[PDB]
Amino acid sequence: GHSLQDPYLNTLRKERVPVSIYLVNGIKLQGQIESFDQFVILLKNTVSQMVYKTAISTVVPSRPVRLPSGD
Amino acid sequence: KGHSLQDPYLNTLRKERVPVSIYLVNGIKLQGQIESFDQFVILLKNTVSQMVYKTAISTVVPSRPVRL
Amino acid sequence: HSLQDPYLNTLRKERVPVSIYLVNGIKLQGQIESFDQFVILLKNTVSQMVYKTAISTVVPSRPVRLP
Amino acid sequence: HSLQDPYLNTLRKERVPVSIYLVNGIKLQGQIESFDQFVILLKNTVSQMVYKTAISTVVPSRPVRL
Amino acid sequence: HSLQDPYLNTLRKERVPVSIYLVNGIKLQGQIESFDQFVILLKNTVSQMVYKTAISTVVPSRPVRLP
Amino acid sequence: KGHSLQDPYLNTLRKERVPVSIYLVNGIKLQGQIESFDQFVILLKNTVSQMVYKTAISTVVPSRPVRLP
Ligand SMILES: [Cl-]
Ligand code: NA
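Chains as they are written, first to last, in the deposited numbering: chain F, 4 to 74; chain E, 3 to 70; chain D, 5 to 71; chain C, 5 to 70; chain B, 5 to 71; chain A, 3 to 71.
Shown next, in the form of structure tokens:
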């Protein structure tokens, strides 16, 4: 049922857009989205850290990105 | 019943481009307009469009009264 | 939902002033305008949509009918 | 289910005063009037509806056996 | 599930003292009297039912040897 | 996208006994090696042994790069 979530994350991934991921505790993670599934996002820099979507509040691209639908 | 209220409510905000605030469970206030949404996230536009997980949302507050 | 629906419907139909406390301790006040499985529309200055996942307790301002 | 329901039911039937602590740390107190899969109705001056998703612990004021 | 269940059942059967840390940082202590899919019943100085949704970590006072 | 990323990722950390830090939703940082895990919990071990609910985890951060899934 991720008809917007999946293509949006896929676009950020394919375009290698640096993102900020804000967590429910206010912490801010930064990096590039490497992969994701129903439950987690793999966010890359020094290592690739695995972020649980339950703990995410908002994903903020570092620059404007064009949604395609269909990814 | 859901989302018999939530969907038309967000869709109205979307179509009418109503300025809104989205308050998160940590207390953070996001501001902008609803660009689109699905079952689990809302895309909120301002300088970029940020994707907000509904799990993390407490309230959505339109900047003005909206119809149905 | 067995208990929520009648309880919220009584509050709505009777226009009972209510407080809704959120999981982070914030207190909202107003009246129930409508609801569905996942959200409550809380009226005052404007109608704000509250996600039930973010609600801890709903406290009426006066006693409400059984149930 | 197998523990939760009989436990809340016992508290309800025996009218045992309980404290319910929420995930934010706030303490509610009253007697459990009814409950379902999602909420507990907790009675004193008014009956307040508590979402189980927001509960940490239910602490009975006295020893209860199920 | 395949790990949580034998782990909790072992702590129960062997009356292992545990500390249960909640998502708000609060610490509960006691021994596990019983549990089901959604709650843990903790007993001792304080007797109480704990919702797993609110738990961050279960820290046994000594390591558990699993089946 | 991804199929199940979580299992092979946790399995690599488990099998290779890779030191990890697990950050919880309240900001608390746990450290150790992944002893085992299932769909809902992770058993972490070293200075303290403990069972962590995934519902309470924000991010798992390996101490060193982990092989491609
Ligand atoms: Cl009442
Ligand atoms: Na152990």
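Ideal Cβ positions, reconstructed from N, Cα and C, are used throughout, including at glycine.
Check                                                                                                                                                                                   : Outcome
Any chance the CB of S51(C) is under 7 Å from a heavy atom of ligand 1?                                                                                                                 : yes
How far does the beta strand (DSSP E) with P64(B) in it reach, from first residue to last?                                                                                              : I59 to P64
So, does the CB of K56(B) fall closer than 8 Å to a CB anywhere in chain A?                                                                                                             : yes
Along the chain, where does the beta strand (DSSP E) that runs through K47(B) open and close?                                                                                           : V43 to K47
What does the alpha-carbon distance come out to for the pair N28(C) and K47(E)?                                                                                                         : 31 Å
Can you name the residues that DSSP bridges to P21(F)?                                                                                                                                  : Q35(F)
Taking 8 Å as the threshold (C-beta atoms), are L45(D) and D40(C) in contact?                                                                                                           : no
Is any heavy atom in ligand 1 found nearer than 7 Å to the beta carbon of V68(D)?                                                                                                       : yes
According to DSSP, simplified to helix, strand and coil, what is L26(C)?                                                                                                                : strand
Considering only residues of the same chain and omitting the five flanking positions on each side of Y55(C), which have a CB-CB separation below 7 Å?                                   : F42 and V43
Which term fits residue 72(E), buried or exposed, when burial requires 16 or more other beta carbons within 10 angstroms of its beta carbon?                                            : Beyond the ends of chain E as shown, which are 3 and 70, falls residue 72(E); an answer cannot be given.
Could you tell me whether any non-hydrogen atom of ligand 2 is closer than 7 Å to the CB of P10(B)?                                                                                     : no
Answer yes or no: the CB of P71(B) versus the heavy atoms of ligand 2, is any distance below 7 Å?                                                                                       : no
Please work out which residues of its chain come closer than 7 Å, Cβ to Cβ, to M53(B), disregarding the five sequence neighbours upstream and downstream, and give them in chain order. : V43 and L45
Just to make sure I have the definition right: I need the residues of chain C whose C-beta is within less than 8 Å of the C-beta of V43(B). Which are they?                             : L7, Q8 and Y11
What does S6(E) pair with, by DSSP beta-bridge criteria?                                                                                                                                : The partner list for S6(E) (beta bridge, DSSP) is empty, contrary to what the question assumes.
Just the chain E side, please: which residues come within less than 9 Å of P21(F) by C-beta, in chain order?                                                                            : Under the 9 Å cutoff, chain E gives no residues; its nearest Cβ is about 12 Å from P21(F).
Which first and last residues belong to the beta strand (DSSP E) in which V54(A) is found?                                                                                              : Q52 to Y55
When the Cα atoms are used, what is the spatial distance from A58(D) to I36(C)?                                                                                                         : 22 Å
Does the beta carbon of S60(D) come closer than 8 Å to any beta carbon on chain E?                                                                                                      : no
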